[PDB]
Amino acid sequence: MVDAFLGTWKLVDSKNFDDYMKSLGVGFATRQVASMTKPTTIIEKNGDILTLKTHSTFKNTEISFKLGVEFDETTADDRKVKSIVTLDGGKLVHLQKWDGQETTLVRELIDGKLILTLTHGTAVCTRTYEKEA
Ligand SMILES: CCCCCCCCC(=O)O
């Protein structure tokens with residue numbers, strides 16, 4: 001179900017990430033640095049447990065979760081959120097909730113590239129990742 005998402009992915013295109021970060025209240029200096037990083041995202045499974053690593057020269061994160069089971073998460077920008085990840089229409093949908101706010105992180109495979117769509121408020125960011133061999 002999740003298996004074509006698995007592997008190591010590198011950022012190769014980003015649209016509106018500053019808008020997304022600014023909507024979340026990320027400070028200008030953090031948004032500068034983040035606008036020039038190209039993270040590596042690593043998605044692995046072990047049975048029902050998925051681990052998603054995001055690595056860069058600026059911030060690293062790692063989460064582990066079971067699909068469809070809520071988990072606590074502390075995001076790269078230090079939000080303490082309630083999260084759930086599920087498959088919906090073949091897309092991996094990550095919903096974060098905190099302080100009555102939500103944001104979605106939706107991953108879809110198109111022509112072998114992983115497209116991550118980030119939505120918070122009205123801001124919609126699209127980031128494209130290509131698979132590492
Ligand atoms: C400044 C941090 C905003 C939340 C995480 C952004 C994740 C983006 C990515 O995985 O490409």
# chains A, B, ... in the order shown; residues from 1 in each chain; ligands from 1
call {"tool": "residues_around", "arguments": {"residues": "stretch 108-112 of chain A", "least_positions_apart": "5", "cutoff": "9 Å", "atoms": "only C-alpha atoms", "output": "mmCIF file with N, CA and C atoms, in the first residue's frame"}}
result
data_model
loop_
_atom_site.group_PDB
_atom_site.id
_atom_site.type_symbol
_atom_site.label_atom_id
_atom_site.label_comp_id
_atom_site.auth_asym_id
_atom_site.auth_seq_id
_atom_site.Cartn_x
_atom_site.Cartn_y
_atom_site.Cartn_z
ATOM 1 N N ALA A 4 5.621 2.155 -2.782
ATOM 2 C CA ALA A 4 6.318 3.003 -3.770
ATOM 3 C C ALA A 4 6.814 4.309 -3.122
ATOM 4 N N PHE A 5 6.308 4.724 -1.935
ATOM 5 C CA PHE A 5 6.852 5.905 -1.243
ATOM 6 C C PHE A 5 8.195 5.609 -0.582
ATOM 7 N N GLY A 90 -4.454 6.759 -2.693
ATOM 8 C CA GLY A 90 -3.056 6.439 -3.020
ATOM 9 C C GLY A 90 -2.058 7.486 -2.553
ATOM 10 N N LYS A 91 -2.524 8.542 -1.911
ATOM 11 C CA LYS A 91 -1.656 9.601 -1.378
ATOM 12 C C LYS A 91 -1.417 9.348 0.099
ATOM 13 N N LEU A 92 -0.226 9.671 0.536
ATOM 14 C CA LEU A 92 0.098 9.579 1.953
ATOM 15 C C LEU A 92 -0.285 10.932 2.581
ATOM 16 N N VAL A 93 -1.336 11.015 3.432
ATOM 17 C CA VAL A 93 -1.889 12.263 3.980
ATOM 18 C C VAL A 93 -1.503 12.347 5.450
ATOM 19 N N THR A 117 2.600 18.347 -1.004
ATOM 20 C CA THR A 117 1.785 19.559 -0.971
ATOM 21 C C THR A 117 1.511 19.886 0.493
ATOM 22 N N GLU A 130 12.904 13.780 -5.937
ATOM 23 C CA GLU A 130 13.252 12.673 -6.845
ATOM 24 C C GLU A 130 13.999 11.605 -6.058
ATOM 25 N N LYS A 131 13.812 10.378 -6.500
ATOM 26 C CA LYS A 131 14.343 9.209 -5.797
ATOM 27 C C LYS A 131 15.844 9.121 -6.005
#
call {"tool": "closest_atom_pairs", "arguments": {"of": "chain A", "to": "ligand 1", "cutoff": "10 Å", "atoms": "only C-alpha atoms and all ligand atoms", "output": "JSON lines"}}
result
{"residue": "A:10", "atom": "CA", "partner": "ligand 1", "partner_atom_place_in_ligand_line": "11 (O)", "distance": 9.0}
{"residue": "A:11", "atom": "CA", "partner": "ligand 1", "partner_atom_place_in_ligand_line": "11 (O)", "distance": 7.0}
{"residue": "A:13", "atom": "CA", "partner": "ligand 1", "partner_atom_place_in_ligand_line": "11 (O)", "distance": 9.7}
{"residue": "A:14", "atom": "CA", "partner": "ligand 1", "partner_atom_place_in_ligand_line": "11 (O)", "distance": 8.3}
{"residue": "A:17", "atom": "CA", "partner": "ligand 1", "partner_atom_place_in_ligand_line": "8 (C)", "distance": 8.1}
{"residue": "A:18", "atom": "CA", "partner": "ligand 1", "partner_atom_place_in_ligand_line": "1 (C)", "distance": 8.8}
{"residue": "A:20", "atom": "CA", "partner": "ligand 1", "partner_atom_place_in_ligand_line": "3 (C)", "distance": 7.6}
{"residue": "A:21", "atom": "CA", "partner": "ligand 1", "partner_atom_place_in_ligand_line": "1 (C)", "distance": 5.5}
{"residue": "A:22", "atom": "CA", "partner": "ligand 1", "partner_atom_place_in_ligand_line": "1 (C)", "distance": 8.7}
{"residue": "A:23", "atom": "CA", "partner": "ligand 1", "partner_atom_place_in_ligand_line": "3 (C)", "distance": 9.9}
{"residue": "A:24", "atom": "CA", "partner": "ligand 1", "partner_atom_place_in_ligand_line": "3 (C)", "distance": 7.6}
{"residue": "A:25", "atom": "CA", "partner": "ligand 1", "partner_atom_place_in_ligand_line": "1 (C)", "distance": 9.1}
{"residue": "A:26", "atom": "CA", "partner": "ligand 1", "partner_atom_place_in_ligand_line": "1 (C)", "distance": 6.4}
{"residue": "A:27", "atom": "CA", "partner": "ligand 1", "partner_atom_place_in_ligand_line": "1 (C)", "distance": 9.1}
{"residue": "A:30", "atom": "CA", "partner": "ligand 1", "partner_atom_place_in_ligand_line": "1 (C)", "distance": 7.2}
{"residue": "A:31", "atom": "CA", "partner": "ligand 1", "partner_atom_place_in_ligand_line": "1 (C)", "distance": 6.7}
{"residue": "A:33", "atom": "CA", "partner": "ligand 1", "partner_atom_place_in_ligand_line": "1 (C)", "distance": 9.6}
{"residue": "A:34", "atom": "CA", "partner": "ligand 1", "partner_atom_place_in_ligand_line": "1 (C)", "distance": 6.7}
{"residue": "A:35", "atom": "CA", "partner": "ligand 1", "partner_atom_place_in_ligand_line": "1 (C)", "distance": 9.4}
{"residue": "A:37", "atom": "CA", "partner": "ligand 1", "partner_atom_place_in_ligand_line": "11 (O)", "distance": 9.3}
{"residue": "A:38", "atom": "CA", "partner": "ligand 1", "partner_atom_place_in_ligand_line": "11 (O)", "distance": 7.8}
{"residue": "A:39", "atom": "CA", "partner": "ligand 1", "partner_atom_place_in_ligand_line": "11 (O)", "distance": 6.4}
{"residue": "A:40", "atom": "CA", "partner": "ligand 1", "partner_atom_place_in_ligand_line": "10 (O)", "distance": 8.2}
{"residue": "A:41", "atom": "CA", "partner": "ligand 1", "partner_atom_place_in_ligand_line": "10 (O)", "distance": 6.8}
{"residue": "A:52", "atom": "CA", "partner": "ligand 1", "partner_atom_place_in_ligand_line": "10 (O)", "distance": 9.5}
{"residue": "A:53", "atom": "CA", "partner": "ligand 1", "partner_atom_place_in_ligand_line": "10 (O)", "distance": 8.9}
{"residue": "A:54", "atom": "CA", "partner": "ligand 1", "partner_atom_place_in_ligand_line": "10 (O)", "distance": 6.2}
{"residue": "A:55", "atom": "CA", "partner": "ligand 1", "partner_atom_place_in_ligand_line": "10 (O)", "distance": 8.8}
{"residue": "A:56", "atom": "CA", "partner": "ligand 1", "partner_atom_place_in_ligand_line": "11 (O)", "distance": 9.9}
{"residue": "A:59", "atom": "CA", "partner": "ligand 1", "partner_atom_place_in_ligand_line": "2 (C)", "distance": 8.4}
{"residue": "A:60", "atom": "CA", "partner": "ligand 1", "partner_atom_place_in_ligand_line": "10 (O)", "distance": 9.9}
{"residue": "A:61", "atom": "CA", "partner": "ligand 1", "partner_atom_place_in_ligand_line": "5 (C)", "distance": 8.9}
{"residue": "A:74", "atom": "CA", "partner": "ligand 1", "partner_atom_place_in_ligand_line": "4 (C)", "distance": 9.8}
{"residue": "A:75", "atom": "CA", "partner": "ligand 1", "partner_atom_place_in_ligand_line": "4 (C)", "distance": 6.1}
{"residue": "A:76", "atom": "CA", "partner": "ligand 1", "partner_atom_place_in_ligand_line": "2 (C)", "distance": 4.8}
{"residue": "A:77", "atom": "CA", "partner": "ligand 1", "partner_atom_place_in_ligand_line": "2 (C)", "distance": 4.7}
{"residue": "A:78", "atom": "CA", "partner": "ligand 1", "partner_atom_place_in_ligand_line": "2 (C)", "distance": 8.3}
{"residue": "A:79", "atom": "CA", "partner": "ligand 1", "partner_atom_place_in_ligand_line": "4 (C)", "distance": 8.8}
{"residue": "A:103", "atom": "CA", "partner": "ligand 1", "partner_atom_place_in_ligand_line": "4 (C)", "distance": 9.4}
{"residue": "A:105", "atom": "CA", "partner": "ligand 1", "partner_atom_place_in_ligand_line": "7 (C)", "distance": 8.0}
{"residue": "A:107", "atom": "CA", "partner": "ligand 1", "partner_atom_place_in_ligand_line": "10 (O)", "distance": 9.9}
{"residue": "A:115", "atom": "CA", "partner": "ligand 1", "partner_atom_place_in_ligand_line": "11 (O)", "distance": 9.6}
{"residue": "A:116", "atom": "CA", "partner": "ligand 1", "partner_atom_place_in_ligand_line": "11 (O)", "distance": 7.1}
{"residue": "A:117", "atom": "CA", "partner": "ligand 1", "partner_atom_place_in_ligand_line": "11 (O)", "distance": 9.1}
{"residue": "A:118", "atom": "CA", "partner": "ligand 1", "partner_atom_place_in_ligand_line": "8 (C)", "distance": 7.7}
{"residue": "A:125", "atom": "CA", "partner": "ligand 1", "partner_atom_place_in_ligand_line": "8 (C)", "distance": 9.3}
{"residue": "A:126", "atom": "CA", "partner": "ligand 1", "partner_atom_place_in_ligand_line": "11 (O)", "distance": 8.8}
{"residue": "A:127", "atom": "CA", "partner": "ligand 1", "partner_atom_place_in_ligand_line": "11 (O)", "distance": 6.2}
{"residue": "A:128", "atom": "CA", "partner": "ligand 1", "partner_atom_place_in_ligand_line": "11 (O)", "distance": 8.2}
{"residue": "A:129", "atom": "CA", "partner": "ligand 1", "partner_atom_place_in_ligand_line": "11 (O)", "distance": 8.2}
call {"tool": "closest_residue", "arguments": {"among": "A:106, A:51, A:97, A:57", "to": "residue A:72", "atoms": "only C-alpha atoms"}}
result
A:97
call {"tool": "closest_residue", "arguments": {"among": "A:36, A:95, A:50, A:12", "to": "residue A:65", "atoms": "only C-alpha atoms"}}
result
A:50
call {"tool": "closest_residue", "arguments": {"among": "A:84, A:69, A:42, A:63", "to": "residue A:132", "atoms": "only C-alpha atoms"}}
result
A:42
call {"tool": "select_by_dssp", "arguments": {"residues": "stretch 7-120 of chain A", "states": "alpha helix (DSSP H)", "output": "ChimeraX atom specification"}}
result
/A:17-23,28-36
call {"tool": "write_last_selection", "arguments": {"atoms": "N, CA and C atoms", "output": "tab-separated table (two decimals), in the first residue's frame"}}
result
chain	number	residue	atom	x	y	z
A	17	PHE	N	7.19	27.74	-0.50
A	17	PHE	CA	7.56	27.30	0.85
A	17	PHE	C	7.66	28.48	1.81
A	18	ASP	N	8.14	29.63	1.35
A	18	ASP	CA	8.17	30.79	2.24
A	18	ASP	C	6.76	31.15	2.69
A	19	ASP	N	5.80	31.15	1.77
A	19	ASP	CA	4.40	31.45	2.15
A	19	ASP	C	3.94	30.49	3.25
A	20	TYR	N	4.21	29.21	3.08
A	20	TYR	CA	3.79	28.19	4.05
A	20	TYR	C	4.45	28.44	5.41
A	21	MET	N	5.77	28.60	5.42
A	21	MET	CA	6.47	28.86	6.68
A	21	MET	C	5.97	30.14	7.34
A	22	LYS	N	5.76	31.18	6.56
A	22	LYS	CA	5.32	32.45	7.15
A	22	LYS	C	3.93	32.28	7.77
A	23	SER	N	3.06	31.53	7.11
A	23	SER	CA	1.70	31.26	7.64
A	23	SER	C	1.78	30.57	9.01
A	28	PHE	N	11.83	35.24	10.06
A	28	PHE	CA	12.41	35.54	8.74
A	28	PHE	C	13.77	34.84	8.58
A	29	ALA	N	14.59	34.76	9.62
A	29	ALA	CA	15.96	34.21	9.47
A	29	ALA	C	15.86	32.72	9.18
A	30	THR	N	14.96	32.02	9.87
A	30	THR	CA	14.74	30.59	9.61
A	30	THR	C	14.20	30.39	8.20
A	31	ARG	N	13.20	31.17	7.80
A	31	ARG	CA	12.66	31.01	6.43
A	31	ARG	C	13.78	31.20	5.43
A	32	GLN	N	14.88	32.32	5.55
A	32	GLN	CA	16.04	32.49	4.64
A	32	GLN	C	16.73	31.16	4.50
A	33	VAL	N	17.13	30.64	5.64
A	33	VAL	CA	17.98	29.44	5.53
A	33	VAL	C	17.19	28.31	4.87
A	34	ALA	N	15.96	28.08	5.29
A	34	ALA	CA	15.13	26.99	4.74
A	34	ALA	C	14.89	27.17	3.25
A	35	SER	N	14.83	28.38	2.74
A	35	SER	CA	14.57	28.62	1.31
A	35	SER	C	15.74	28.17	0.44
A	36	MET	N	16.92	27.97	1.04
A	36	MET	CA	18.14	27.56	0.32
A	36	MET	C	18.58	26.16	0.70
call {"tool": "select_by_dssp", "arguments": {"residues": "chain A", "states": "strand (DSSP E or B)", "output": "MDAnalysis selection string"}}
result
chainID A and resid 7:15 40:46 49:55 61:66 71:74 80:88 91:98 101:110 113:120 123:132
call {"tool": "atom_distance", "arguments": {"atom1": "atom CA of residue A:8", "atom2": "atom CA of residue A:43"}}
result
6.6 Å
call {"tool": "decode", "arguments": {"residues": "stretch 15-35 of chain A", "atoms": "N, CA and C atoms", "output": "JSON list (two decimals), in the first residue's frame"}}
result
[["chain", "number", "residue", "atom", "x", "y", "z"],
["A", 15, "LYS", "N", 7.94, 25.37, -4.50],
["A", 15, "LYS", "CA", 7.07, 26.51, -4.79],
["A", 15, "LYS", "C", 6.31, 26.91, -3.53],
["A", 16, "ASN", "N", 6.43, 28.18, -3.17],
["A", 16, "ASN", "CA", 5.63, 28.80, -2.09],
["A", 16, "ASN", "C", 5.99, 28.27, -0.70],
["A", 17, "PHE", "N", 7.19, 27.74, -0.50],
["A", 17, "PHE", "CA", 7.56, 27.30, 0.85],
["A", 17, "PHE", "C", 7.66, 28.48, 1.81],
["A", 18, "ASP", "N", 8.14, 29.63, 1.35],
["A", 18, "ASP", "CA", 8.17, 30.79, 2.24],
["A", 18, "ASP", "C", 6.76, 31.15, 2.69],
["A", 19, "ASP", "N", 5.80, 31.15, 1.77],
["A", 19, "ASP", "CA", 4.40, 31.45, 2.15],
["A", 19, "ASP", "C", 3.94, 30.49, 3.25],
["A", 20, "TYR", "N", 4.21, 29.21, 3.08],
["A", 20, "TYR", "CA", 3.79, 28.19, 4.05],
["A", 20, "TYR", "C", 4.45, 28.44, 5.41],
["A", 21, "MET", "N", 5.77, 28.60, 5.42],
["A", 21, "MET", "CA", 6.47, 28.86, 6.68],
["A", 21, "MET", "C", 5.97, 30.14, 7.34],
["A", 22, "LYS", "N", 5.76, 31.18, 6.56],
["A", 22, "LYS", "CA", 5.32, 32.45, 7.15],
["A", 22, "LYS", "C", 3.93, 32.28, 7.77],
["A", 23, "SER", "N", 3.06, 31.53, 7.11],
["A", 23, "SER", "CA", 1.70, 31.26, 7.64],
["A", 23, "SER", "C", 1.78, 30.57, 9.01],
["A", 24, "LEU", "N", 2.77, 29.69, 9.18],
["A", 24, "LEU", "CA", 3.00, 28.99, 10.45],
["A", 24, "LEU", "C", 3.72, 29.87, 11.47],
["A", 25, "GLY", "N", 4.11, 31.10, 11.14],
["A", 25, "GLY", "CA", 4.79, 32.00, 12.09],
["A", 25, "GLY", "C", 6.28, 31.75, 12.20],
["A", 26, "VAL", "N", 6.89, 31.06, 11.24],
["A", 26, "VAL", "CA", 8.35, 30.88, 11.24],
["A", 26, "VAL", "C", 9.03, 32.24, 11.00],
["A", 27, "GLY", "N", 10.05, 32.54, 11.79],
["A", 27, "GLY", "CA", 10.80, 33.80, 11.71],
["A", 27, "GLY", "C", 11.55, 33.99, 10.42],
["A", 28, "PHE", "N", 11.83, 35.24, 10.06],
["A", 28, "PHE", "CA", 12.41, 35.54, 8.74],
["A", 28, "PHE", "C", 13.77, 34.84, 8.58],
["A", 29, "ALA", "N", 14.59, 34.76, 9.62],
["A", 29, "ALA", "CA", 15.96, 34.21, 9.47],
["A", 29, "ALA", "C", 15.86, 32.72, 9.18],
["A", 30, "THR", "N", 14.96, 32.02, 9.87],
["A", 30, "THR", "CA", 14.74, 30.59, 9.61],
["A", 30, "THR", "C", 14.20, 30.39, 8.20],
["A", 31, "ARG", "N", 13.20, 31.17, 7.80],
["A", 31, "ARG", "CA", 12.66, 31.01, 6.43],
["A", 31, "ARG", "C", 13.78, 31.20, 5.43],
["A", 32, "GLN", "N", 14.88, 32.32, 5.55],
["A", 32, "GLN", "CA", 16.04, 32.49, 4.64],
["A", 32, "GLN", "C", 16.73, 31.16, 4.50],
["A", 33, "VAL", "N", 17.13, 30.64, 5.64],
["A", 33, "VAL", "CA", 17.98, 29.44, 5.53],
["A", 33, "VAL", "C", 17.19, 28.31, 4.87],
["A", 34, "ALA", "N", 15.96, 28.08, 5.29],
["A", 34, "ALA", "CA", 15.13, 26.99, 4.74],
["A", 34, "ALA", "C", 14.89, 27.17, 3.25],
["A", 35, "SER", "N", 14.83, 28.38, 2.74],
["A", 35, "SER", "CA", 14.57, 28.62, 1.31],
["A", 35, "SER", "C", 15.74, 28.17, 0.44]]
